[PDB]
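We begin with a single chain expressed as structure tokens, specifically the form deposited in one PDB entry.
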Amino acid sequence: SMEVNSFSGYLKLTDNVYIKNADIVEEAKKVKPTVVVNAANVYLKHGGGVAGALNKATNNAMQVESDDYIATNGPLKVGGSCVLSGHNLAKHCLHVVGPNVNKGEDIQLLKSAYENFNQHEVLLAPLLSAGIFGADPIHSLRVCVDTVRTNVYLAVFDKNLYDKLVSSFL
């Protein structure tokens, strides 16, 4: 999609981190960001969590693009990223691999994962390594705030989690 970056309705947590209680698919469609972040795995298999939602919204175009990327380039590393099409959601999708602590992956790589955001002026993003990836979402938000130095607009879907997360910044 042509970029518009129509961001509104966010709470400002820090100079550069904004957060909203939102479905990232519905938010991406309304914002048309330059970059939407996917909570990816190294083979870009878009199943549970944010990844399946973004892919479903593209009617599997993201998965077919991702399979072709993997065929040519092979898998990412944990903490790594690649830039692919944003399809109908964004100009670009930055597929970022946070460590999956459910799979015994090194939580220290969450810093590396969030560093990928710093390659981009502005992003719409979910929390990395939490949810199906098994890390504490409070820790994910802390690493995001400490590591991301560019303009990041966070969407958190679950209202109860959103309220608990933002409580410590109000």
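Start at 1 and count along the sequence shown; that's the residue number. Only residues modelled in both forms are compared. In this text, the rigid core denotes the largest set of C-alpha atoms whose superposition between the two forms falls within 1.5 Å.
As for the form deposited with a small molecule bound, it is not shown, yet the points below apply to it.
- Contact between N41 and the small molecule in the bound PDB entry is found at the 4.5 Å heavy atom cutoff.
- In the bound PDB entry, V50 approaches the small molecule with a heavy atom inside 4.5 Å.
- Not displayed here, the small molecule is kept clear of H120 by more than 4.5 Å at the level of heavy atoms in the bound PDB entry.
- The shortest heavy atom separation between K45 and the small molecule in the bound PDB entry is within 4.5 Å.
- Checking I132, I107, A61, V145 for any heavy atom within 4.5 Å of the small molecule in the bound PDB entry turns up a single hit: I132.
- Core-superposed comparison between this form and the one not shown places the only run of three or more consecutive residues whose CA atoms all shift by 2 angstroms or more at 168 to 170.
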